[PDB]
């Protein structure tokens, strides 16, 4: 398998740019608080993302959070909600939608609302990144086999280099988790840890 992917030209390292942005994907209570059946254990990974975000905010790099939120009228309109009926609980005005405070989200941090898995689809994220002259995005969040991968794929397609720290990704199952990190490492971006991005961000700032 390793030989198959290497000959097909997968797994090459990405050369990092000099205008980073951090994207925090769906670290809302709906996905991080175990009282809701749609959530995973994200305690460790949220504290890792907190360190990254607190660094980037101090270094004046854009930090953008994303959440899934619906109006009651949108439920029958979106066929994704037929397949994943649990996402229908993610309603405007509810606690499920609010970003988890364990991330260290600051009032001036941009939150983008989305209706699908990918953070770029039907959202303003791409424009925010292009307007700030971003060349590299570090993707963090939940879930790794869900919204994270979908965001990762859409980010590379959109013209941005993708770094993903494994420290920072949470899923509800180990299998899907490893499969996505594998696919990303081969096809879409560099998989690393938080320790690498902390050092890298400091060196790009001077």
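Residue numbers count along the first chain shown, from 1.
> Which has the highest CA B-factor per the PDB entry: 173, 69, 63, 152?
That would be 173.
> Would you check the entry's CA temperature factor for residue 116 and let me know if it's in the chain's lowest, middle or highest third?
Its C-alpha B-factor belongs to the lowest third of this chain's values.
> Rank-wise, by C-alpha B-factor, drop residue 45 into the lowest, middle or highest third of its chain.
It belongs to the highest third of the chain when residues are ordered by C-alpha B-factor.
> Lowest, middle or highest third: where is residue 33 by C-alpha B factor in its chain?
Residue 33: CA B-factor falls in the middle third of its chain.
> Going by the CA temperature factor in the PDB record, which third of the chain does residue 26 belong to: lowest, middle or highest?
According to the entry, residue 26 has a C-alpha B-factor in the chain's lowest third.
> Where does the C-alpha B-factor of residue 134 rank in its chain, lowest, middle or highest third?
Middle third, going by the recorded CA B-factors of the chain.
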